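# Tertiary structure, described
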Amino acid sequence: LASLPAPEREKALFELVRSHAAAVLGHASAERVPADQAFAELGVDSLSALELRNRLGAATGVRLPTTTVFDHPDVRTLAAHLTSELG
Amino acid sequence: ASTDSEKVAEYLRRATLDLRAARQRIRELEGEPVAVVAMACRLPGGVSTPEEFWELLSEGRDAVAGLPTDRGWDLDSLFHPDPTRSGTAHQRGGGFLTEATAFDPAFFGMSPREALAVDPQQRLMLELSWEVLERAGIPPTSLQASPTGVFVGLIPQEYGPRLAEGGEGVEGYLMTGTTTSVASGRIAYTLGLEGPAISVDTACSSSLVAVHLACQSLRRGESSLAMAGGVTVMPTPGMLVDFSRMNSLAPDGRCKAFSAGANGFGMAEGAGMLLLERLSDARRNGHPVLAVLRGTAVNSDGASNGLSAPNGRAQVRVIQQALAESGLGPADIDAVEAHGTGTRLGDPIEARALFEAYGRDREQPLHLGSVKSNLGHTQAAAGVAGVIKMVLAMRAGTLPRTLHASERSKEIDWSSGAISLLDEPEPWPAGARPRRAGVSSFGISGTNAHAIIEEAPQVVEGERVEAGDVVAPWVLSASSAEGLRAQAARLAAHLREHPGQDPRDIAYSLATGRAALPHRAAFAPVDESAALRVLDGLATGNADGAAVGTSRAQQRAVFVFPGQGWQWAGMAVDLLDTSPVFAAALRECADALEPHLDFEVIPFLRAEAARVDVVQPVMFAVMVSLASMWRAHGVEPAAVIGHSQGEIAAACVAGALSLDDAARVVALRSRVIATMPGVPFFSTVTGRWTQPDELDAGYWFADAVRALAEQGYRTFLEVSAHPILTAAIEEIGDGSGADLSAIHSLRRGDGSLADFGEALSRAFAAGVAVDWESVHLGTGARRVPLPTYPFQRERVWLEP
Amino acid sequence: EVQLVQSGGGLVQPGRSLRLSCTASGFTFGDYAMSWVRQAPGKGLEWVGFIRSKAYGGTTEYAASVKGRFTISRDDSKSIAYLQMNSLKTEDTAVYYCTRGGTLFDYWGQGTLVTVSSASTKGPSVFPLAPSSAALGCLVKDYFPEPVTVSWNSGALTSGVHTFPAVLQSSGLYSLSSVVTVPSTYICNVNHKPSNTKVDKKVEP
Amino acid sequence: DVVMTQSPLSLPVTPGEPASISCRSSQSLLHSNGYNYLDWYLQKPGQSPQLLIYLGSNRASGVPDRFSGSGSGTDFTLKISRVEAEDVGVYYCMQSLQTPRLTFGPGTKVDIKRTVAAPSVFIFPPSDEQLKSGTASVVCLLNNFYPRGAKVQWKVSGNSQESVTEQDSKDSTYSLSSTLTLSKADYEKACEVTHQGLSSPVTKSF
């Protein structure tokens, strides 16, 4: 799955996170997630964030720490950091 | 000298003063009255605002229809016509809220899952608190890290599945979702308060008890603002089917208080909230006052013939105790809000107690009524409902009607006639005697509460009338596009209903008041007709003639000083004369510049409306005056990238050289440059962050804006009569990072102040903090009631 | 409340008069016989004189020294107390307070300045001193008016600033000193608003 | 005559534990009617005076509590149960038997208690600087000599001007400077400094 194509893969990456958060948050439609707004407003906490990491790891394979939510407040920064992690 | 004559007189005077001060302090500590600022309510039927409640009370209408078909009830085996079968209720009707199933989790920082886990009671309490805070006129975002107490009255009951079995996606949030303490903890956490948060469960008399506590912490001084309320709602038919086992529920579900055909008390649901503040503090800051609370009393009935059996001696004692604490007599009360639950045995006892407590020393008959006739028993939501009814009736100067009272009871004696049942509306006009009322509440646990309410002082009269020619902007904000549209539609509707409102009052109320939210809209209409036109235009969707734009987590602005390019200016004598800030700062800088440069302020700032030797100092002068007025108008600067003369302007602004000294240095620069022709600051000629002191005599576009944007500043404001190089900046806005917006100051000869109104409206349109008190200050504008926030609710239910 | 809010003051040459006004407000001025007290710079408070109430006669008493040149007025219509000057001397420079009582000194006013001297608006002279051999510093030479501020390299240095209150010499011109300490260059700057001769000077052995 | 009232001079204090100031007299101040004609006044740094206690033991309205006066007609006392940081300044005893009261007296002083520390000295010669023409000036300076109280004399004396700072705030140590002036007859050849915290006197010349 990690074929590492041209930077358009980041767009594909940008599509996975917006889905992975949605199933965590419970939104029926994955599109109902603001991009600029950070996760703090969305209601994430000690619970919802935790498995958010784990289900993110198995899909990707990279390792990220617990502080990730405080490292990247919003989806854009987290996606950029994840893209810069591998490749 | 002063032998025995003056020496002791001074000591006597000092001792008398000290004694007077101490006794005044004692009186203030013991019996300081409190004031009600605003109220919020949710009642069965179509009632959602106190105005609708008063309209229903005046028109004499009941709000009992039937049962809800949304909450998944069986509705069918709930009444097998034999009373004693298991699972068989008795009420074929009642008064129930039709909005409990819906909620808006997006407005608060709430996830859909934990929102699904949240009890309806705290769900309604959050909206009640926000609405009452907006109705008071205090921006809900201003209450941060401040002592403010919250007191709630609830009954635990049950909402969803048991904790032991758990759920599939909502498991950890089950405990916090259903807990009485969280009902107030969540309000405190959301509003960021720091006063005590307390939940009290004392049966149907809970709510009143809450306000009693709110009347103590304010008096002692541990808090300066209180929010006291009660709530009751039913997500399960368990209460009716369990109370039917005592055969205490009337079949149809009405309250026939003091009537010959009493059969029960029925059930309902509702919510109420009041905001309380010390009278002196409230009047000091100009907060509105609706009514005054003076004395309250709480008591227990002691040992009786069972838990549910009431008592009369306890009620008499609590009434007398409340009267004594209020420091009044039994003859100073004109009407009472009795319980009037409508049961067979409770009514005679309450009637006898009220008789013996009030009517023995009475010349005028005492009016009696019960709101439970119109709405039914609301359990813990009652008590505050009676207070709201009494204050509304007292303000409106009319006593409403009690239903099902044409047939008086036969088990009570009215031979004395001191108590007259309220069957028809009675005028309640103002006069020499102040109006007072009393409210009672009794619970099934055995706790009684009584309170006394008095009219607000009649000192508001004495307002003058002043006029002016300055037009003021109108702003309105919300957290979503549909929210903005609905808010605009509601404002246009309300302005259509009520004519004669001055633009100043609406502008001031839509000023400090409603909070600051992402989606913003602003404009400035000459009159109200064009205001309605632009409002309906915003309601349709296409925003033209106004300014819009989202701005999330943006609170900073940047001042940039462009060089030459705003030539021919468009001389504005109106700016100098109308605005006093110019007439002070520009005057000071001008007379500073006068001795050095022979040119006077008279000749060409007289202007012939119809040469670097002269312009550059005067452009510097008008630039510093404009910067001063802008910074005085609440908008502060940031790092400045002013070019050419803008370097000297930024030196003056950031604190490099004094106004007179900067004027002199610019005059020297002009005199040496008129020969060849023929605070954090960001450097321009070098491009670095530098201190404002290195700029000296020796000191005399792309990468700069990239770095400034990367720092975190995303807006640029130039002070010029015509924006120059705006497109050059604007083209860069999409070129890298976040988008960039530049706001003009003046226009082509449009030196009128309305141009500055448009500039301010554009400033607020994109994430700029403006001090609205500074731009309003003295206009005589007074507060005016306005519609509260319109929500976007969605169905949130979790079947058992 | 019971504010007083005194008024008047300034600078006067020796042998001149002046008027000081105390404005009673917020209370009944009928019988509240007041007094004037003086506090010299560097010493304690010494009583000047009190005026009785009209109920007991409205007389007044003074305590030597200033007996023949000091008079008190008791304008009851506007509830104003007046202190009248006569032929002032250089040693009378002090802050004057207007009290409320005659024996029990109740709520006090705010005070004035009133200085008597004879000099012109002479600017400073700048006086950087010799290095420790680290105790570099800049004393300021004679200057008549009070407000003069000093700093180091335009306030970039904050630690070690030890500016000291000025004193008075025979000529009536004051001296201001300030020093810093740091192991190892800096430029002292002064401002004299009545003279507007702001200058800079650095010291280096 | 007068009773020549006196107080136990300066008294440093520390936040927390209480403090007290006594007040003696020579003639009893107990009037025949059965009252004591004494009062206490407080002057804050750079502020108008204030009244605390009148007629032996009576707290005026507005006083932030914590102050208690007591004592018979000869041995009065004013005690503070809790010592804060803002109640620092000058305290004055006052009597009322004699109406022509001329002065408030010296009055006691209070400050923040601090461990004893030794100062430093830096003698500065009258160089060829802005002195220049006929005049002379020399300062040897002091720094951080808690508690206050020292002396400066010059030999090989009679005229000098001294200046002292105000507690330096946070560190709570005084700094003092002294200046000696002369016209032309200098260079014919040193300040000595004595502080109870330090040892046998030191000095430095030139």
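Thresholds applied
- Residues numbered from 1 in each chain as written, not as in the entry; some residues may be left out.
- Chains lettered and ligands numbered in written order.
- Part of a larger assembly, values for the part shown.
- Heavy atoms only, no water.
- Helix = DSSP H or I, 4+ residues; strand = E, 2+ residues; numbered from the N terminus.
- Rg over C-alpha atoms; globule rule 2.2 N^0.38 Å.
- Buried < 20%, exposed > 50% of the residue type's maximum accessible area, 1.4 Å probe, protein only.
- Areas by Shrake-Rupley, 256 points an atom, 1.4 Å probe, with all protein chains shown as cover.
- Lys, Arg positive; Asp, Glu negative; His and termini not counted.
- Charge placed at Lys NZ, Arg CZ, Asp CG, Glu CD.
- Contact = heavy atoms within 4.5 Å.
- Buried area = accessible area lost by both parts, 1.4 Å probe.
- Salt bridge = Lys/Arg side-chain N within 4 Å of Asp/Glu carboxyl O.
- Polar contact = N/O pair within 3.5 Å; in protein donor to acceptor, adjacent residues only side chain to side chain.
- Nonpolar A, V, L, I, M, F, W, Y, C, P; charged D, E, K, R; others polar.
- Disulfide = S-S within 2.5 Å.
- Patch = residues over 30% accessible without salt bridge, like charges linked within 9 Å, V, L, I, M, F, W, Y side chains within 5 Å.
- Domains from an automatic or database assignment.
- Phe/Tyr/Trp six-rings, centres within 6.5 Å; stacked < 30°, edge-to-face > 60°.
- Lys NZ or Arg CZ within 6 Å of the ring centre and 35° of its normal.
- Pairing = 2+ DSSP bridges.
- Axes fitted to C-alpha atoms, helices over the stretch in contact; angles between N-to-C directions.
- Core = buried A, V, L, I, M, F, W, Y, C linked by side-chain atoms within 4.5 Å.

Helix and strand counts for chain C come out as 0 helices and 17 strands. On C-alpha atoms alone, chain C measures out to a radius of gyration of 22 Å, which is more than a quarter above the 17 Å that the 2.2 N^0.38 rule sets for 205 residues. Taking the principal axes of the C-alpha coordinates as reference, chain C spans close to 75 × 35 × 25 Å. Burial status across chain C gives 46% buried among its 205 residues. Split by element, the accessible area of chain C, about 9,800 Å² in all, is 55% carbon and sulfur.

Attention now goes to the overall build of chain D. Each helix and strand in chain D was counted, giving 0 helices and 13 strands. In sequence order, chain D lays out its α and β elements as β-β-β-β-β-β-β-β-β-β-β-β-β. On C-alpha atoms alone, chain D measures out to a radius of gyration of 23 Å, which is more than a quarter above the 17 Å that the 2.2 N^0.38 rule sets for 206 residues. In terms of overall dimensions, chain D has C-alpha extents of about 70 × 40 × 30 Å along its principal axes. For chain D, the residues scored as buried account for 38% of the 206 residues in total. With 18 positive and 18 negative side-chain charges, chain D shows a separation of 2 Å between the mean positions of the two kinds.

A few words now on the interface of chain C and chain D. Each side of the interface is counted separately: chain C has 29 residues, and chain D has 34 residues. Overall, the association of chain C and chain D removes approximately 2,800 Å² of surface from exposure, summing both partners, and the carbon and sulfur fraction of that is 63%. Counting across the interface, chain C meets chain D through 0 salt bridges. Summed over the shared surface of chain C and chain D, the result is 5 residue pairs in polar contact. Of all the elements in the fold, those that place two or more residues in the side of chain C that touches chain D are β5 (45–51), β11 (127–128) and β14 (167–168) of chain C. For the side of chain C that touches chain D, the residue count by class is 20 nonpolar, 6 polar and 3 charged.

Before going further, it helps to spend a moment on the environment of C:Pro131. Relative to the assigned elements, C:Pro131 resides in the loop between β11 and β12 (138–143). Among residues more than four places away in sequence, those in contact with C:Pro131 are C:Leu136, C:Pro205 and D:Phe124.

Moving on, we get to the interface of chain B and chain D. Contact residues are listed per partner, giving 8 residues for chain B and 9 residues for chain D. Among the residues of chain B in contact with chain D, B:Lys7, B:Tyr11 and B:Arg14 are the three that bury the most area, contributing 66% of the side total. Taken together, the connections running from chain B to chain D amount to 0 salt bridges. The interface formed by chain B and chain D includes 4 residue pairs in polar contact. A breakdown of the residues in the side of chain B that touches chain D according to their chemical character gives 4 nonpolar, 1 polar and 3 charged.

Right, let's talk about the state of the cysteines for a bit. A covalent bond bridging the sulfur atoms of two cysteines is what the word disulfide describes. This model, assessed by the stated rule, comprises 4 disulfides over all chains. Put simply, C:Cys22 and C:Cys98 are joined by a disulfide, and their sulfur atoms are 2.0 Å apart. The sign of the S-S torsion, about -95°, decides the handedness of the disulfide formed by C:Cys22 and C:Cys98: left-handed. Of this pair, C:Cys22 sits in strand β3 (residues 19–23) while C:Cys98 sits in strand β9 (residues 95–98), and the two are 76 residues apart along the sequence. Each member of the pair C:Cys22 and C:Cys98 is classed as buried. Ordinal numbering of bonded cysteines along chain D defines a disulfide pattern of 1-2, 3-4. Sequence-ordered numbering of the bonded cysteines in chain C gives a pairing of 1-2, 3-4. B:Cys215 carries a free sulfur, and the closest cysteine sulfur to it, the one in B:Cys41, is 19 Å from it. Its sulfur unpaired, B:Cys255 is 11 Å from the next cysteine sulfur, which belongs to B:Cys204. A relative accessible area of 1% means that B:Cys255 is categorised as buried.

Right, let's get into a negative patch on the surface. Together, B:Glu730, B:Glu731, B:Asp734 and B:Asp739 line one region of the surface with negative charge. Counting through the fold element by element, B:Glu730 comes out in helix α23 (residues 726–733).

A word on the domain arrangement of chain C. The domain architecture assigned to chain C consists of domain 1 (3–116) and domain 2 (127–203). The C-alpha centroid of domain 2 of chain C is placed 37 Å from the C-alpha centroid of domain 1 of chain C.

Ring pairs (aromatic) are described by centroid distance and by the angle formed between their planes. Under the criterion given, the structure shown has 28 aromatic pairs over all chains. For the pair B:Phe764 and B:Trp772, a centre-to-centre distance of 5.8 Å together with 70° between the ring planes defines the contact as edge-to-face. Of the two residues examined, B:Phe764 and B:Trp772, each falls in the buried class. For the pair C:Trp47 and C:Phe50, a centre-to-centre distance of 6.0 Å together with 40° between the ring planes defines the contact as tilted. There is no split in this pair, since C:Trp47 and C:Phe50 are both buried. The ring of B:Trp414 carries B:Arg408 above its face, with NZ or CZ at 4.2 Å from the centroid.

No other pair of the 4 pairs of chains in contact has as many contacts as chains C and D. Here chain A and chain C are not in contact; the least distance found between their C-alpha atoms is 36 Å. For the non-touching pair chain A and chain D, the nearest C-alpha separation works out to 38 Å.

Working definition: the strands of a sheet are paired by backbone hydrogen bonds and lie parallel or antiparallel to each other. All names here are of chain D. In space, the 3 strands of this open sheet follow the order β9-β12-β13, with antiparallel pairing throughout. Both outer strands of the open sheet, β9 (151–154) and β13 (202–204), are each paired with one neighbouring strand and no more. Strand after strand, the sheet turns through a mean of 25° between neighbouring axes, direction not considered.

Turning our eyes to something else, we now look at the pairing of strand β4 (residues 67–70) of chain D. All names here are of chain D. Burial of the side chains of β4 is restricted to one face: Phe67 and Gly69 are buried, whereas none of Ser68 and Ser70 on the reverse face is. In this sheet, strand β5 (residues 75–80) lies alongside β4 in antiparallel orientation, the contact comprising 4 bridges. Across the sheet, the residue bridging to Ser70 is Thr77, located in β5. Connecting β4 to the antiparallel partner β5 that follows it, the hairpin turn spans 4 residues, and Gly71 within it adopts a positive phi of roughly 120°.

Residue and element names in this part refer to chain D. In terms of domain boundaries, chain D breaks down into domain 1 (1–113) and domain 2 (114–206). A straight line from the C-alpha centre of domain 1 to that of domain 2 covers 35 Å. Each side of the interface is counted separately: domain 1 has 4 residues, and domain 2 has 4 residues. Of the roughly 360 Å² buried between domain 1 and domain 2, counting both surfaces, carbon and sulfur atoms make up 46%. Considering only the surface of domain 1 that becomes buried against domain 2, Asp111, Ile112 and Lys113 emerge as the three largest contributors, covering 84% of it. Counting the contacts that link domain 1 with domain 2 gives 0 salt bridges. Linking domain 1 to domain 2 there are 2 residue pairs in polar contact.

Before going further, it helps to spend a moment on the nonpolar core. Residues and elements named next belong to chain B. Core analysis: the largest hydrophobic core is formed by 49 residues, its most contacted members being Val132, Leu275, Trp474 and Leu535. Each of domain 1 (34–455) and domain 2 (474–550) gives at least three residues to this core. Look past the residues within four positions of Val132 in its chain and what remains in contact with it is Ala38, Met39, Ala40, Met227, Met273 and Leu275. With 47 residues, the next largest nonpolar core counts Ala557, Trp566, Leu593 and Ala663 among its residues.

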